[PDB]
file coords-v1.csv (CSV, C-alpha atoms and all ligand atoms)
chain,number,residue,atom,x,y,z
A,7,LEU,CA,-8.9,3.0,0.6
A,8,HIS,CA,-6.5,0.2,1.5
A,9,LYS,CA,-3.5,-1.1,-0.5
A,10,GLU,CA,-3.9,-4.3,-2.3
A,11,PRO,CA,-2.1,-7.2,-0.4
A,12,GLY,CA,1.6,-7.4,-1.3
A,13,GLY,CA,3.0,-5.4,-4.2
A,14,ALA,CA,3.5,-5.4,-7.9
A,15,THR,CA,6.7,-5.6,-9.8
A,16,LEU,CA,7.7,-3.2,-12.5
A,17,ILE,CA,7.7,-4.3,-16.2
A,18,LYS,CA,8.2,-0.9,-17.8
A,19,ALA,CA,7.6,2.7,-16.9
A,20,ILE,CA,6.1,4.1,-20.2
A,21,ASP,CA,6.1,7.8,-19.3
A,22,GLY,CA,5.5,10.0,-16.2
A,23,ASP,CA,2.0,8.8,-15.4
A,24,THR,CA,1.7,5.4,-17.1
A,25,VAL,CA,3.6,2.3,-16.0
A,26,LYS,CA,3.2,-1.4,-16.8
A,27,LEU,CA,3.3,-3.6,-13.8
A,28,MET,CA,3.0,-7.4,-13.0
A,29,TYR,CA,0.1,-7.1,-10.7
A,30,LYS,CA,-1.3,-10.3,-9.2
A,31,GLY,CA,0.6,-12.3,-11.9
A,32,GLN,CA,-1.1,-10.4,-14.7
A,33,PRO,CA,0.8,-7.8,-16.8
A,34,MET,CA,-1.2,-4.6,-16.4
A,35,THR,CA,-0.9,-1.1,-17.6
A,36,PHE,CA,-1.7,1.5,-14.8
A,37,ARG,CA,-2.5,5.1,-15.2
A,38,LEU,CA,-2.0,7.2,-12.2
A,39,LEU,CA,-5.1,8.6,-10.5
A,40,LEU,CA,-5.7,12.4,-10.4
A,41,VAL,CA,-2.6,13.7,-12.2
A,42,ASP,CA,-1.4,14.3,-15.6
A,43,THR,CA,2.3,14.3,-16.5
A,44,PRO,CA,3.2,15.9,-19.9
A,45,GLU,CA,2.8,14.0,-23.1
A,46,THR,CA,5.8,12.3,-24.8
A,47,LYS,CA,4.0,9.8,-27.2
A,48,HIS,CA,0.8,10.8,-28.9
A,49,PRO,CA,1.6,12.9,-32.1
A,50,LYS,CA,-1.4,15.2,-31.7
A,51,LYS,CA,0.3,16.9,-28.6
A,52,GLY,CA,3.9,16.2,-29.3
A,53,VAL,CA,6.6,16.0,-26.7
A,54,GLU,CA,5.4,18.5,-24.1
A,55,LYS,CA,7.8,20.4,-21.9
A,56,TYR,CA,8.7,18.5,-18.7
A,57,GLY,CA,7.3,15.3,-20.4
A,58,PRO,CA,10.9,13.8,-20.5
A,59,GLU,CA,11.6,15.0,-17.0
A,60,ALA,CA,8.4,13.5,-15.5
A,61,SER,CA,9.1,10.2,-17.3
A,62,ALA,CA,12.6,10.0,-15.8
A,63,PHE,CA,11.3,10.9,-12.4
A,64,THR,CA,8.6,8.1,-12.4
A,65,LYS,CA,11.1,5.6,-13.9
A,66,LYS,CA,13.7,6.2,-11.1
A,67,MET,CA,11.3,6.2,-8.3
A,68,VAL,CA,9.7,2.8,-9.3
A,69,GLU,CA,13.0,1.2,-10.5
A,70,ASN,CA,14.7,1.9,-7.1
A,71,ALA,CA,11.8,0.8,-4.9
A,72,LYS,CA,12.0,-2.3,-2.8
A,73,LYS,CA,8.2,-2.4,-2.6
A,74,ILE,CA,5.7,-1.1,-5.2
A,75,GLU,CA,2.0,-1.0,-3.8
A,76,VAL,CA,-1.2,-0.4,-5.6
A,77,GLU,CA,-4.1,1.4,-4.0
A,78,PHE,CA,-7.4,1.6,-5.9
A,79,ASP,CA,-9.9,4.3,-5.2
A,80,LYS,CA,-13.7,3.9,-4.4
A,81,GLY,CA,-15.0,4.0,-8.0
A,82,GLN,CA,-14.0,2.3,-11.3
A,83,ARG,CA,-10.6,0.7,-11.3
A,84,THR,CA,-9.9,0.8,-15.1
A,85,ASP,CA,-10.4,3.7,-17.5
A,86,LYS,CA,-11.9,3.5,-21.0
A,87,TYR,CA,-8.5,2.4,-22.3
A,88,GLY,CA,-8.4,-0.7,-20.1
A,89,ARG,CA,-5.7,0.9,-17.8
A,90,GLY,CA,-5.8,0.3,-14.1
A,91,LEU,CA,-6.6,3.5,-12.1
A,92,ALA,CA,-4.5,3.6,-8.9
A,93,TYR,CA,-2.4,5.4,-6.5
A,94,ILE,CA,1.0,3.8,-6.7
A,95,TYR,CA,3.4,3.8,-3.8
A,96,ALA,CA,7.2,3.3,-4.0
A,97,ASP,CA,8.3,2.3,-0.5
A,98,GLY,CA,5.3,3.9,0.9
A,99,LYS,CA,5.8,7.2,-1.0
A,100,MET,CA,2.9,8.0,-3.4
A,101,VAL,CA,4.3,8.5,-6.9
A,102,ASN,CA,1.2,10.6,-7.9
A,103,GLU,CA,2.0,13.0,-5.0
A,104,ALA,CA,5.8,13.0,-5.6
A,105,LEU,CA,5.2,14.2,-9.2
A,106,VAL,CA,2.7,16.9,-8.2
A,107,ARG,CA,5.0,18.1,-5.4
A,108,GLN,CA,7.9,18.5,-7.9
A,109,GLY,CA,5.7,20.5,-10.4
A,110,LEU,CA,6.1,17.5,-12.8
A,111,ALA,CA,2.4,16.7,-13.0
A,112,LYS,CA,-0.8,18.8,-12.6
A,113,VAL,CA,-3.8,17.6,-10.6
A,114,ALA,CA,-6.1,16.6,-13.5
A,115,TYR,CA,-9.0,14.2,-14.5
A,116,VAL,CA,-10.7,14.4,-11.1
A,117,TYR,CA,-13.7,12.1,-11.6
A,118,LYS,CA,-15.8,11.4,-8.5
A,119,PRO,CA,-16.0,8.9,-6.7
A,120,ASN,CA,-12.3,8.4,-7.5
A,121,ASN,CA,-11.1,11.5,-5.6
A,122,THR,CA,-10.1,10.4,-2.1
A,123,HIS,CA,-6.6,11.9,-2.3
A,124,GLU,CA,-7.6,15.0,-4.3
A,125,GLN,CA,-7.2,17.5,-1.5
A,126,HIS,CA,-3.8,16.0,-0.5
A,127,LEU,CA,-2.6,16.3,-4.0
A,128,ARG,CA,-4.1,19.9,-4.5
A,129,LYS,CA,-2.1,21.0,-1.4
A,130,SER,CA,1.1,19.6,-2.9
A,131,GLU,CA,0.3,21.3,-6.2
A,132,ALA,CA,-0.2,24.6,-4.4
A,133,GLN,CA,3.2,24.3,-2.8
A,134,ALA,CA,4.9,23.4,-6.2
A,135,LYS,CA,3.1,26.4,-7.8
A,136,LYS,CA,4.2,28.8,-5.0
A,137,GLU,CA,7.7,27.4,-5.3
A,138,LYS,CA,7.5,27.9,-9.2
A,139,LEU,CA,8.7,24.4,-9.8
A,140,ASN,CA,9.2,23.1,-13.3
A,141,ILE,CA,5.7,23.2,-14.9
A,142,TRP,CA,5.0,26.2,-12.7
A,143,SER,CA,8.4,27.9,-13.4
B,201,LIG,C1,-6.3,9.7,-15.0
B,201,LIG,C2,-7.5,9.3,-15.8
B,201,LIG,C3,-7.5,9.4,-17.2
B,201,LIG,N1,-8.6,9.1,-18.0
B,201,LIG,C4,-8.6,9.3,-19.4
B,201,LIG,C5,-9.0,10.7,-19.6
B,201,LIG,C6,-8.4,11.0,-20.9
B,201,LIG,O1,-9.2,10.5,-22.0
B,201,LIG,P1,-9.0,11.0,-23.5
B,201,LIG,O2,-7.8,10.3,-24.1
B,201,LIG,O3,-10.2,10.5,-24.3
B,201,LIG,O4,-8.8,12.4,-23.5
B,201,LIG,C7,-7.1,10.2,-20.9
B,201,LIG,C8,-5.9,10.9,-20.2
B,201,LIG,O5,-4.8,10.0,-20.1
B,201,LIG,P2,-3.4,10.4,-20.7
B,201,LIG,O6,-2.8,11.5,-19.9
B,201,LIG,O7,-2.6,9.1,-20.5
B,201,LIG,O8,-3.6,10.6,-22.2
B,201,LIG,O9,-7.3,9.1,-20.0
B,201,LIG,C9,-9.7,8.5,-17.4
B,201,LIG,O10,-10.7,8.2,-18.1
B,201,LIG,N2,-9.7,8.4,-16.0
B,201,LIG,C10,-8.7,8.8,-15.2
B,201,LIG,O11,-8.9,8.7,-14.0
B,202,CA,CA,-0.3,12.3,-19.4
call {"tool": "encode", "arguments": {"input": "coords-v1.csv", "output": "structure tokens"}}
result
Amino acid sequence: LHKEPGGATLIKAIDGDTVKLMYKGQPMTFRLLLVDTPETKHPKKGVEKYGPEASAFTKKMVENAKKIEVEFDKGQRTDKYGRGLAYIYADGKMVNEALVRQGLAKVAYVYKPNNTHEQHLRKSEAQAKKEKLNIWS
């Protein structure tokens, strides 16, 4: 994979795994690859436990970053909702992994070929589960 040249700027973090960014001068909604943070918006699931916590975590991490970078995987770059599918980095730390390492997201929606960081993220999930962190508490 390679990060896209430069970085994006934050417009609005919507919840733990979805953020709107100004990416190449276009406002874009991005959904984080290979993770799921708990739901806070859609009424069918309601506000899931650790949903508020995952949102605050993502928001702080992207708001305090000097540099936000976007890395696409090898397959499709947008999902069926028109959301960009990427690994997002806040000063070179992957948000997707940070969330999983905190037990604030589960590794989910693994669709080949978009699975380059799947084993890295599953190792972080394993560590959060053996530490009983948050979702795994
Ligand atoms: C992360 C990811 C989600 N999605 C879809 C799967 C789910 O579709 P359905 O809504 O039809 O269940 C939804 C999960 O996103 P949310 O967690 O934002 O709801 O987004 C993809 O299509 N590809 C991806 O790589
Ligand atoms: Ca989610």
call {"tool": "residues_near_ligand", "arguments": {"input": "coords-v1.csv", "ligand": "ligand CA 202 (chain B)", "cutoff": "8 Å", "atoms": "all atoms listed in the file", "output": "PDB file with C-alpha atoms, in the coordinates of the input"}}
result
ATOM      1  CA  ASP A  21       6.100   7.800 -19.300  1.00  0.00           C
ATOM      2  CA  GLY A  22       5.500  10.000 -16.200  1.00  0.00           C
ATOM      3  CA  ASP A  23       2.000   8.800 -15.400  1.00  0.00           C
ATOM      4  CA  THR A  24       1.700   5.400 -17.100  1.00  0.00           C
ATOM      5  CA  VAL A  41      -2.600  13.700 -12.200  1.00  0.00           C
ATOM      6  CA  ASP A  42      -1.400  14.300 -15.600  1.00  0.00           C
ATOM      7  CA  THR A  43       2.300  14.300 -16.500  1.00  0.00           C
ATOM      8  CA  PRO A  44       3.200  15.900 -19.900  1.00  0.00           C
ATOM      9  CA  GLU A  45       2.800  14.000 -23.100  1.00  0.00           C
TER      10      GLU A  45
END
call {"tool": "closest_residue", "arguments": {"input": "coords-v1.csv", "among": "A:108, A:82, A:130, A:143", "to": "residue 59 of chain A", "atoms": "all atoms listed in the file"}}
result
A:108
call {"tool": "residues_near_ligand", "arguments": {"input": "coords-v1.csv", "ligand": "ligand LIG 201 (chain B)", "cutoff": "10 Å", "atoms": "all atoms listed in the file", "output": "ChimeraX atom specification"}}
result
/A:21-24,36-48,51,79,81-92,113-118,120-121
call {"tool": "atom_distance", "arguments": {"input": "coords-v1.csv", "atom1": "atom CA of residue 110 of chain A", "atom2": "atom CA of residue 60 of chain A"}}
result
5.3 Å
call {"tool": "closest_residue", "arguments": {"input": "coords-v1.csv", "among": "A:28, A:78, A:18, A:33", "to": "residue 119 of chain A", "atoms": "only C-alpha atoms"}}
result
A:78
call {"tool": "residues_around", "arguments": {"input": "coords-v1.csv", "residues": "residue 71 of chain A", "least_positions_apart": "6", "cutoff": "12 Å", "atoms": "all atoms listed in the file", "output": "ChimeraX atom specification"}}
result
/A:13-16,64-65,94-101
call {"tool": "closest_residue", "arguments": {"input": "coords-v1.csv", "among": "A:74, A:109, A:34, A:57", "to": "residue 9 of chain A", "atoms": "only C-alpha atoms"}}
result
A:74
call {"tool": "atom_distance", "arguments": {"input": "coords-v1.csv", "atom1": "atom CA of residue 103 of chain A", "atom2": "atom CA of residue 135 of chain A"}}
result
13.7 Å
call {"tool": "atom_distance", "arguments": {"input": "coords-v1.csv", "atom1": "atom CA of residue 76 of chain A", "atom2": "atom CA of residue 58 of chain A"}}
result
23.9 Å
call {"tool": "closest_residue", "arguments": {"input": "coords-v1.csv", "among": "A:69, A:131, A:111, A:75", "to": "residue 30 of chain A", "atoms": "all atoms listed in the file"}}
result
A:75
call {"tool": "closest_residue", "arguments": {"input": "coords-v1.csv", "among": "A:67, A:137, A:102, A:49", "to": "residue 124 of chain A", "atoms": "only C-alpha atoms"}}
result
A:102
call {"tool": "build_atoms", "arguments": {"input": "coords-v1.csv", "residues": "segment 36-58 of chain A", "atoms": "N, CA and C atoms", "output": "PDB file, in the frame of the given file"}}
result
ATOM      1  N   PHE A  36      -1.090   0.564 -15.762  1.00  0.00           N
ATOM      2  CA  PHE A  36      -1.700   1.500 -14.800  1.00  0.00           C
ATOM      3  C   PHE A  36      -1.479   2.914 -15.184  1.00  0.00           C
ATOM      4  N   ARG A  37      -2.512   3.700 -15.016  1.00  0.00           N
ATOM      5  CA  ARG A  37      -2.500   5.100 -15.200  1.00  0.00           C
ATOM      6  C   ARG A  37      -2.724   5.668 -13.845  1.00  0.00           C
ATOM      7  N   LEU A  38      -1.848   6.596 -13.495  1.00  0.00           N
ATOM      8  CA  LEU A  38      -2.000   7.200 -12.200  1.00  0.00           C
ATOM      9  C   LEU A  38      -3.208   8.112 -12.011  1.00  0.00           C
ATOM     10  N   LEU A  39      -3.945   7.833 -10.941  1.00  0.00           N
ATOM     11  CA  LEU A  39      -5.100   8.600 -10.500  1.00  0.00           C
ATOM     12  C   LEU A  39      -4.696  10.085 -10.205  1.00  0.00           C
ATOM     13  N   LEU A  40      -5.598  10.937 -10.696  1.00  0.00           N
ATOM     14  CA  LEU A  40      -5.700  12.400 -10.400  1.00  0.00           C
ATOM     15  C   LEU A  40      -4.602  13.272 -10.871  1.00  0.00           C
ATOM     16  N   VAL A  41      -3.716  12.832 -11.755  1.00  0.00           N
ATOM     17  CA  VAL A  41      -2.600  13.700 -12.200  1.00  0.00           C
ATOM     18  C   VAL A  41      -2.478  13.504 -13.686  1.00  0.00           C
ATOM     19  N   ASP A  42      -1.784  14.451 -14.269  1.00  0.00           N
ATOM     20  CA  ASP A  42      -1.400  14.300 -15.600  1.00  0.00           C
ATOM     21  C   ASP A  42       0.077  14.791 -15.743  1.00  0.00           C
ATOM     22  N   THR A  43       0.968  13.907 -16.200  1.00  0.00           N
ATOM     23  CA  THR A  43       2.300  14.300 -16.500  1.00  0.00           C
ATOM     24  C   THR A  43       2.253  14.745 -17.994  1.00  0.00           C
ATOM     25  N   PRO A  44       3.180  15.553 -18.515  1.00  0.00           N
ATOM     26  CA  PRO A  44       3.200  15.900 -19.900  1.00  0.00           C
ATOM     27  C   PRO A  44       3.420  14.747 -20.884  1.00  0.00           C
ATOM     28  N   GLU A  45       2.828  14.924 -22.055  1.00  0.00           N
ATOM     29  CA  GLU A  45       2.800  14.000 -23.100  1.00  0.00           C
ATOM     30  C   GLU A  45       4.199  13.816 -23.733  1.00  0.00           C
ATOM     31  N   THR A  46       4.588  12.580 -24.020  1.00  0.00           N
ATOM     32  CA  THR A  46       5.800  12.300 -24.800  1.00  0.00           C
ATOM     33  C   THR A  46       5.460  11.370 -26.025  1.00  0.00           C
ATOM     34  N   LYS A  47       4.279  10.744 -26.144  1.00  0.00           N
ATOM     35  CA  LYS A  47       4.000   9.800 -27.200  1.00  0.00           C
ATOM     36  C   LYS A  47       3.073  10.143 -28.311  1.00  0.00           C
ATOM     37  N   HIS A  48       1.876  10.551 -27.924  1.00  0.00           N
ATOM     38  CA  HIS A  48       0.800  10.800 -28.900  1.00  0.00           C
ATOM     39  C   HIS A  48       1.048  12.015 -29.783  1.00  0.00           C
ATOM     40  N   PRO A  49       1.160  11.852 -31.127  1.00  0.00           N
ATOM     41  CA  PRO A  49       1.600  12.900 -32.100  1.00  0.00           C
ATOM     42  C   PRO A  49       0.782  14.173 -32.056  1.00  0.00           C
ATOM     43  N   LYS A  50      -0.521  14.063 -31.780  1.00  0.00           N
ATOM     44  CA  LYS A  50      -1.400  15.200 -31.700  1.00  0.00           C
ATOM     45  C   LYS A  50      -0.917  16.247 -30.643  1.00  0.00           C
ATOM     46  N   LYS A  51      -0.214  15.875 -29.566  1.00  0.00           N
ATOM     47  CA  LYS A  51       0.300  16.900 -28.600  1.00  0.00           C
ATOM     48  C   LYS A  51       1.750  17.103 -28.787  1.00  0.00           C
ATOM     49  N   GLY A  52       2.458  16.064 -29.205  1.00  0.00           N
ATOM     50  CA  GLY A  52       3.900  16.200 -29.300  1.00  0.00           C
ATOM     51  C   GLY A  52       4.493  16.064 -27.920  1.00  0.00           C
ATOM     52  N   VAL A  53       5.824  16.183 -27.896  1.00  0.00           N
ATOM     53  CA  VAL A  53       6.600  16.000 -26.700  1.00  0.00           C
ATOM     54  C   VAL A  53       6.467  17.347 -25.947  1.00  0.00           C
ATOM     55  N   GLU A  54       5.651  17.306 -24.914  1.00  0.00           N
ATOM     56  CA  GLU A  54       5.400  18.500 -24.100  1.00  0.00           C
ATOM     57  C   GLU A  54       6.568  18.700 -23.213  1.00  0.00           C
ATOM     58  N   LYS A  55       6.723  19.957 -22.848  1.00  0.00           N
ATOM     59  CA  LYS A  55       7.800  20.400 -21.900  1.00  0.00           C
ATOM     60  C   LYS A  55       7.484  19.739 -20.576  1.00  0.00           C
ATOM     61  N   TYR A  56       8.573  19.213 -20.011  1.00  0.00           N
ATOM     62  CA  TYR A  56       8.700  18.500 -18.700  1.00  0.00           C
ATOM     63  C   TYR A  56       8.138  17.066 -18.851  1.00  0.00           C
ATOM     64  N   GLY A  57       7.688  16.676 -20.062  1.00  0.00           N
ATOM     65  CA  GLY A  57       7.300  15.300 -20.400  1.00  0.00           C
ATOM     66  C   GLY A  57       8.487  14.373 -20.200  1.00  0.00           C
ATOM     67  N   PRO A  58       9.658  14.615 -20.794  1.00  0.00           N
ATOM     68  CA  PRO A  58      10.900  13.800 -20.500  1.00  0.00           C
ATOM     69  C   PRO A  58      11.310  13.716 -19.084  1.00  0.00           C
TER      70      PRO A  58
END
